Amino acid sequence: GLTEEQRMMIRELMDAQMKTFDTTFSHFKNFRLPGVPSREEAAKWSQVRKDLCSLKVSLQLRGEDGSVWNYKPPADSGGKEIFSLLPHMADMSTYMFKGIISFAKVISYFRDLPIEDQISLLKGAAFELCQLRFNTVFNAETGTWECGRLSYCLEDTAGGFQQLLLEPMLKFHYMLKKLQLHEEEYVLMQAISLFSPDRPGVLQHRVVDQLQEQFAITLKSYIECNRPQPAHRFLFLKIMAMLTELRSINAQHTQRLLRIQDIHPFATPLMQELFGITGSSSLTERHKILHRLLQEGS
């Protein structure tokens, strides 16, 4: 019950996902691992402690030989120890962002936009698309992101599962996993996020709006044709509600990252561009790494 155009749209998105999503993290290598006072600054540190304590994970590294390295992070003793996983997380984030840039570059509708709009849309959506990809490796039974030979396992807090669900990012992963979406539904969610006309700096608002509407109509039609109706009557609206929530989490995450960066620099050069951090006029000149990655052959 899909139009030829709708089937071709899904084929292009699935091709882009297959080419650019390293689902086994086979090519994620050479990453860093954790090693083996004024009143205004005290206020900054206090907020950063809350920001960092929200997402507590242990790290497991499984060797090809069957050996296992497990890292349990330090307790907060009011020092630099709260930052021990930031270099690793910066390397993983950067790796995922490169895959999302490659994903967007494969899509004809994206390449056909002006380069400055390509930059604006990727700045707007990079975190969102990273979290949608991470949801596909999330084990809701074990609270673990299974990243090939790397695992990130949520640390238990005093309030158990009910305390974790208060953290919007964790609630998002649990709620999205429970929808049991198809590969096709995840890639259409990625397309709807990517082609958001209301991102800061977008010029071709009308063209992006029309592309977003066609991706949304394709998803709505996919659900009507491939899922037994009416058990899945409101699945499309649940997905759009999850995208609205992810946009809110995106805004909150950017603010957290900027607070941490301010007292403890950790962002990679690509992260500095995507999140608007200076190091040392036009969108292109302020995003030379993104510009280079978008101009390089997909």
# chains A, B, ... in the order shown; residues from 1 in each chain; ligands from 1

$ residues_around --residues "segment 195-204 of chain A" --least-positions-apart "3" --cutoff "7 Å" --atoms "only C-alpha atoms" --output "VMD selection string"
chain A and resid 117 120 to 121 124 191 to 192 207 to 209 211 to 212

$ residues_around --residues "segment 255-267 of chain A" --least-positions-apart "6" --cutoff "12 Å" --atoms "only C-alpha atoms" --output "ChimeraX atom specification"
/A:32,40-55,79-94,127,248-249,273-279

$ atom_distance --atom1 "atom CA of residue 1 of chain A" --atom2 "atom CA of residue 225 of chain A"
5.7 Å

$ residues_around --residues "residue 21 of chain A" --least-positions-apart "2" --cutoff "8 Å" --atoms "only C-alpha atoms" --output "number ranges by chain"
A: 17-19, 23, 99-100, 103, 133

$ atom_distance --atom1 "atom CA of residue 217 of chain A" --atom2 "atom CA of residue 182 of chain A"
16.4 Å

$ closest_residue --among "A:179, A:184, A:165, A:253" --to "residue 237 of chain A" --atoms "only C-alpha atoms"
A:179

$ select_by_dssp --residues "segment 52-281 of chain A" --states "helix (DSSP H, G or I)" --output "count of residues only"
138

$ closest_residue --among "A:185, A:101, A:252, A:234" --to "residue 216 of chain A" --atoms "only C-alpha atoms"
A:185

$ atom_distance --atom1 "atom CA of residue 68 of chain A" --atom2 "atom CA of residue 173 of chain A"
25.9 Å

$ residues_around --residues "residue 163 of chain A" --least-positions-apart "6" --cutoff "12 Å" --atoms "only C-alpha atoms" --output "VMD selection string"
chain A and resid 54 to 55 154 to 157 170 to 171
